[PDB]
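To keep things clear, I will list the structure first and then write my remarks on it.
2 protein chains.
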Amino acid sequence: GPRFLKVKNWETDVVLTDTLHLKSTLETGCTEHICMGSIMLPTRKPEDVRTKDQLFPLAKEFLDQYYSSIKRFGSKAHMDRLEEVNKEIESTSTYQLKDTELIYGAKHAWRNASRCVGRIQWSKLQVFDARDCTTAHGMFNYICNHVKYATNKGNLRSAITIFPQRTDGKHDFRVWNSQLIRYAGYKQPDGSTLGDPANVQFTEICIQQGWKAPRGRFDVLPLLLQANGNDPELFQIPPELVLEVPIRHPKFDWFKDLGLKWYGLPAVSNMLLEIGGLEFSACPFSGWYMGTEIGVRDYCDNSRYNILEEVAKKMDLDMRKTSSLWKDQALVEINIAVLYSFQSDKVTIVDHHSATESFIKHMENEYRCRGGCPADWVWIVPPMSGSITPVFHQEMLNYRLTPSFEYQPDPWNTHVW
Amino acid sequence: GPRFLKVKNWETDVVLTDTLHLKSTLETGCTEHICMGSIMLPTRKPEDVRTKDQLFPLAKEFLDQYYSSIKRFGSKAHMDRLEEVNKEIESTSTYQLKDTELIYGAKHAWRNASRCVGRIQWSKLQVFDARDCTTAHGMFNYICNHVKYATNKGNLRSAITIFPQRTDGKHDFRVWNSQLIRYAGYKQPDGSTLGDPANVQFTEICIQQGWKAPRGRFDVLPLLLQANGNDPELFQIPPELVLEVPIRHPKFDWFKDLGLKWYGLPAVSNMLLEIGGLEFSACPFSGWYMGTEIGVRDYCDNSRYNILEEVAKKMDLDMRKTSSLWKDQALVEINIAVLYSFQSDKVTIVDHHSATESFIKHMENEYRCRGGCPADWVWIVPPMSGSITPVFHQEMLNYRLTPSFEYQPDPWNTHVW
Ligand code: HEM
Ligand code: HEM
Ligand SMILES: C[C@H](O)[C@H](O)[C@H]1CNc2nc(N)[nH]c(=O)c2N1
Ligand SMILES: C[C@H](O)[C@H](O)[C@H]1CNc2nc(N)[nH]c(=O)c2N1
Ligand SMILES: [Zn+2]
Numbered sequence: 020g021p022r023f024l025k026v027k028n029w030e031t032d033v034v035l036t037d038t039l040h041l042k043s044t045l046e047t048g049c050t051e052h053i054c055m056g057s058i059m060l061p062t063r064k065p066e067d068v069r070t071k072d073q074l075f076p077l078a079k080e081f082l083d084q085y086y087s088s089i090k091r092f093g094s095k096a097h098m099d100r101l102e103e104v105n106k107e108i109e110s111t112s113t114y115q116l117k118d119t120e121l122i123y124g125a126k127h128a129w130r131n132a133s134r135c136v137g138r139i140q141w142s143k144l145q146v147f148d149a150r151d152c153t154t155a156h157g158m159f160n161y162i163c164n165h166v167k168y169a170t171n172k173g174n175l176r177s178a179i180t181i182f183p184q185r186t187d188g189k190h191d192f193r194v195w196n197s198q199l200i201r202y203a204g205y206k207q208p209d210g211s212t213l214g215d216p217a218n219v220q221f222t223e224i225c226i227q228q229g230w231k232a233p234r235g236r237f238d239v240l241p242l243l244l245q246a247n248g249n250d251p252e253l254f255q256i257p258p259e260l261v262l263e264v265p266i267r268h269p270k271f272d273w274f275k276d277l278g279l280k281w282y283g284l285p286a287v288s289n290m291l292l293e294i295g296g297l298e299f300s301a302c303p304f305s306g307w308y309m310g311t312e313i314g315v316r317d318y319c320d321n322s323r324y325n326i327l328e329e330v331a332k333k334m335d336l337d338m339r340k341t342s343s344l345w346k347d348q349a350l351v352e353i354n355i356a357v358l359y360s361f362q363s364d365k366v367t368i369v370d371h372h373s374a375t376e377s378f379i380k381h382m383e384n385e386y387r388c389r390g391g392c393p394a395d396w397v398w399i400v401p402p403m404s405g406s407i408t409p410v411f412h413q414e415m416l417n418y419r420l421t422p423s424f425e426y427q428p429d430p431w432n433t434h435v436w
Numbered sequence: 020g021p022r023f024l025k026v027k028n029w030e031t032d033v034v035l036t037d038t039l040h041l042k043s044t045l046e047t048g049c050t051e052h053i054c055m056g057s058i059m060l061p062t063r064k065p066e067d068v069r070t071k072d073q074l075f076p077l078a079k080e081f082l083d084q085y086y087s088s089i090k091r092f093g094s095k096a097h098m099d100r101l102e103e104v105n106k107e108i109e110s111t112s113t114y115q116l117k118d119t120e121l122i123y124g125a126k127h128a129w130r131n132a133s134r135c136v137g138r139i140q141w142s143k144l145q146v147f148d149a150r151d152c153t154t155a156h157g158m159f160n161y162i163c164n165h166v167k168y169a170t171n172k173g174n175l176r177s178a179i180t181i182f183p184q185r186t187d188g189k190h191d192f193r194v195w196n197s198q199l200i201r202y203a204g205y206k207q208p209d210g211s212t213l214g215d216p217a218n219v220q221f222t223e224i225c226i227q228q229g230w231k232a233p234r235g236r237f238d239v240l241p242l243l244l245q246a247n248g249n250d251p252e253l254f255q256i257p258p259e260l261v262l263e264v265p266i267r268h269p270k271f272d273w274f275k276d277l278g279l280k281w282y283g284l285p286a287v288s289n290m291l292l293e294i295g296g297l298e299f300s301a302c303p304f305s306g307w308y309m310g311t312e313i314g315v316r317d318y319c320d321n322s323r324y325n326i327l328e329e330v331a332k333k334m335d336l337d338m339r340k341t342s343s344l345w346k347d348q349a350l351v352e353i354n355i356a357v358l359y360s361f362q363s364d365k366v367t368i369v370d371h372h373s374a375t376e377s378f379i380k381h382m383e384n385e386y387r388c389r390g391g392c393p394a395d396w397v398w399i400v401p402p403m404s405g406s407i408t409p410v411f412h413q414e415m416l417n418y419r420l421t422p423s424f425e426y427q428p429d430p431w432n433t434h435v436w
């Protein structure tokens, strides 16, 4: 309250002192009188994007941070690089990051992702430099290697692939897909929706672009890639590269008849990675699933597959009134299966209990070595059984540190010719 | 973003415009660069409490609000009351609220409780004026009537009992208990803890004050009441007034052997109610339980009864690794029983599904008639199955409106003689 902020865990009484929040460079969207802590989404006006004049301050901020990290703040190399980048900016209206800085930048962007519970792994990130890429077909190749390297035959590995930074002319690179691997969604005029409802619009775009949709329940969508600002091009991901897992239950043999399956590689590909002021509008990244993402959100959200109803009658659950908590029951079994299935097929996965416990272990390490750890409680607490996971009882300070990942508008909303 | 704030429901796409946040008078604890949205707890320095000079502005703020509510802002009655209260304050260094203002004040304090999911009922509040009370025995009688009126033989009714306001000498009134009805907690030097661990310290205080503890698992604690600032006095609540419910399962007949029971009346009694600047440090209030409060928090929290383990072996659940989600399974059954039991015993209760659905219906009504509804997502989303309740997907603006309920320090931490 007075000087430095404290966070307490109401299950263990542990109190931690936070000093890192003072490093905040971005705004939370909150004010002294309002809290937007549960708000999902808290170009430009002058130029189409950032400006050469405002770039160097942001570059200096990162470099200074960078050289401090390696304990060489104010050294020749540090002072030299600074002048060096100052020159590049004046000359070209931008600058290129060294390989080592790009790696530090990406890892720390992950370390600063307040909404990610899997941050105990932030330092094992494998960075793939795709800054020399120039065409969509080029992007496709870099993405295929990512998936193959990341999937690693079920023994998942964290990785991110960074494409060319945004500029002032050559346009930018974008993976139009929200995730590298996702299923299509079809809406019959019958009101019903075959597949993922969250992907209906994107699917419609793929079909208008020539995609010959198979009209199935679990049809993997084709990559829609944009390079150097040109029209996006369709690419089928090599099915041989897409590791999938059929969902069965370790007790209910009737579960398999639901005909459920999910892909093992979660790869977010619509976010923007910012480092030293440079904007990488194409930086697909991936780690591994936490069971609830699939069992709860993907399968049970009313707006998603919404299979609770279907899974309810199968169990013969009392669906007269919610008081029977049939929904709650159907929910647990679905998540037991998802975890059981992945673990049988030897595909990397983590249950919400081990995941949250690890995040807690991470928070403490960070408070000890870094003086804090920005965390978004609303995103960190699992979408089920929140109360019985260690993070529900953990107070969390949320703030924006840089480098960082950010949201960006969907490209099809402003693409031409 | 630009002018007025918007909130969107990501499950229905519904977007609501919030204008009520501009009515914020208190601070959230958040800044443009930090979010304390998950912080539990975000006297005085000069005087022991508030001051006569700062009281009239706060009184005027409330009265103005009050007369606006009844559509008579700026009328004779309004202007007269204002001058009238201005006089009382100068003369006595405080003022007395009219009955009608106290009622409006208490109902709106509830309407403004951002952390309460049961707010669709805010207008049916029954206010019991206990401002003439002067002694602890007097408090005991007012509390017994509250419980009896509130319990209503299982057909619960919302109510609050307001004791004398804080002053500058005659000291203040406090119900030392966190809740009117709660169970004791005993800590054997064997490390084990019989009863509610959250009540161990309070229990120890009751015993030092003369309470002859029965040393049982579900021993209702004696009321510890403080009046006019005197030492607190012990009172046994009439067992005949304490409605209890034995916990059984509608399917698992072995559940009853766990020997579980809980009380049907949840009554918070350690909060402070502030209206027009007046502070009521003793205002026990009550409504009815939402199943999860008991089934999840009271029974399953590691720091509470923590009966998951015990309930695990009974079910013969696979407790080799959390991946089996045995905890999650034990959790659902426990909550099915709690709800089943209360509904069998005809004691009012609400499941998290109907509760959250009603809160959503309430938010929309408020946005329509009041222009908004402050809500604390972190408290509104249930401690289990969050994702499948409508509120998980509902963005919520949090802000502090007055009148309101506030936290206060525990009295035993500063009581003398
Ligand atoms: C190693 C395994 C990892 C696990 C288990 C993990 C887990 C999670 C979970 C459960 C979420 C919630 C996503 C949602 O609800 O939509 C999340 C969010 C996020 N994770 Fe991690 N993560 C991992 C790897 C990664 C990697 C490789 C990066 C980047 C280097 C990263 C960046 C983020 C970001 C930025 C978000 C926010 C996404 C958004 O706001 O849409 N994560 N993560
Ligand atoms: C009519 C039935 C009601 C229901 C179902 C209901 C439900 C809830 C729930 C589930 C919580 C969470 C408590 C916790 O997790 O500790 C809560 C908090 C709260 N409710 Fe309500 N409530 C009701 C009546 C009342 C009444 C009568 C008042 C006052 C007039 C009120 C004031 C509050 C306040 C101030 C909190 C916050 C308590 C704290 O921060 O410790 N509620 N309520
Ligand atoms: C740390 C965190 O704020 C704390 O555990 C909160 C979370 N949400 C809650 N929500 C409700 N209804 N009740 C609580 O006691 C809590 N505890
Ligand atoms: C409205 C609210 O912010 C939204 O539903 C949030 C809540 N918490 C979440 N948490 C995670 N991990 N992922 C999500 O998509 C969400 N959705
Ligand atoms: Zn906030």
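Residue numbers (the numbering used here), protein chains in the order written: chain S, 20 to 436; chain F, 20 to 436.
Note that the Cβ used here is the ideal one computed from N, Cα and C, for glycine as well.
The three-state reading of DSSP puts residue 58(S) in coil, since its state is none of H, G, I, E or B.
Residue 319(F) is a Cβ neighbour of residue 353(F), given a cutoff of 8 angstroms. Contact annotation for residue 49(S) against chain F: 47, 49, 50, 51, 53, 54, 56 [CB-CB distance below 8 angstroms, chain order].
Proximity to residue 196(F) across 369(F), 373(F), 241(F), 418(F) peaks at 241(F), based on C-alpha coordinates. Closer than 7 angstroms to some heavy atom of ligand 3: that does not describe the Cβ of residue 424(F). At the C-beta level, residue 50(F) and residue 418(F) stay beyond 8 angstroms of one another.
Of the heavy atoms belonging to ligand 3, none sits nearer than 7 angstroms to the Cβ of residue 383(S).
Beta-carbon to beta-carbon, residue 192(F) and residue 288(F) are separated by about 11 angstroms, too far to satisfy the 8 angstroms threshold. The C-alpha of residue 149(S) is placed about 10 angstroms away from the C-alpha of residue 184(S). Residues of the segment 300-319 of chain F with a C-beta less than 9 angstroms from any C-beta of chain S: 310, 311, 315, 316, 319, listed in chain order.
Excluding the 5 residues flanking it on each side, residue 78(F) has same chain C-beta neighbours closer than 6 angstroms at 104, 295, 296, in chain order. Beta bridge pairing from DSSP links residue 418(F) with no other residue. Fully enclosed alpha helix (DSSP H) runs of no fewer than 4 residues occupy 371-388, 396-399 of the segment 368-426 of chain S, in order along the chain.
Per DSSP, residue 271(F) lies in no alpha helix (DSSP H) and is assigned neither H nor E. Taking the C-beta atoms as reference points, residue 306(F) is found no nearer than 8 angstroms to residue 93(F). Proximity of the segment 406-422 of chain S to the segment 411-425 of chain F falls short of the contact definition, fewer than three beta-carbon pairs being nearer than 8 angstroms. In the same chain as residue 361(F), and ignoring 5 residues on each side of it, the C-beta atoms closer than 6 angstroms to its own belong to 264, 368, in chain order. Taking 7 angstroms as the cut-off, the C-beta of residue 363(S) does not count as close to any heavy atom of ligand 1.
Judged by DSSP secondary structure, residue 297(S) falls outside any alpha helix (DSSP H) and instead within the beta strand (DSSP E) spanning 297-299. Contact check for residue 372(F) and residue 341(S): beta-carbon distance about 4 angstroms, within the 8 angstroms limit, so the pair qualifies. Among the CB atoms of chain F, one or more fall inside 8 angstroms of the CB of residue 411(S). If you check each beta-carbon in the segment 201-215 of chain F against every beta-carbon of chain S, none falls closer than 9 angstroms.
Ligand 3 has no heavy atom closer than 7 angstroms to the beta-carbon of residue 304(F). DSSP places residue 309(F) in the strand class (E or B) of the three-state scheme. By the neighbour-count criterion, in which 16 or more other beta carbons inside 10 Å mark a residue as buried, residue 99(F) falls on the exposed side.
At least one heavy atom of ligand 1 sits closer than 7 angstroms to the Cβ of residue 134(S).
Taken atom to atom, the span from the alpha-carbon of residue 52(S) to that of residue 379(F) is near 23 angstroms. Using a CB distance cut-off of 8 angstroms, residue 84(S) does not count as an interface residue toward chain F. Sixteen is the threshold: since fewer than 16 other Cβ atoms of the shown chains lie within 10 Å of the Cβ of residue 270(S), the residue is exposed. Closest option to residue 256(F), judged by alpha-carbon separation, among 243(F), 396(F), 142(F): 243(F). The beta carbons of residue 234(S) and residue 205(S) sit closer together than 8 angstroms. At a cut-off of 8 angstroms between C-beta atoms, residue 402(S) counts as an interface residue with respect to chain F. For secondary structure counted as the beta strand (DSSP E) over 3 or more consecutive residues, the segment 73-154 of chain F holds these complete runs in sequence order: 145-148.
Closer than 7 angstroms to some heavy atom of ligand 4: that describes the Cβ of residue 411(F).
Taking every protein chain shown into account, the CB of residue 73(S) has fewer than 16 other CB atoms within 10 angstroms, so this residue is exposed. Of the candidates 435(F), 253(F), 130(F), 130(F) places its Cα closest to the Cα of residue 388(F).
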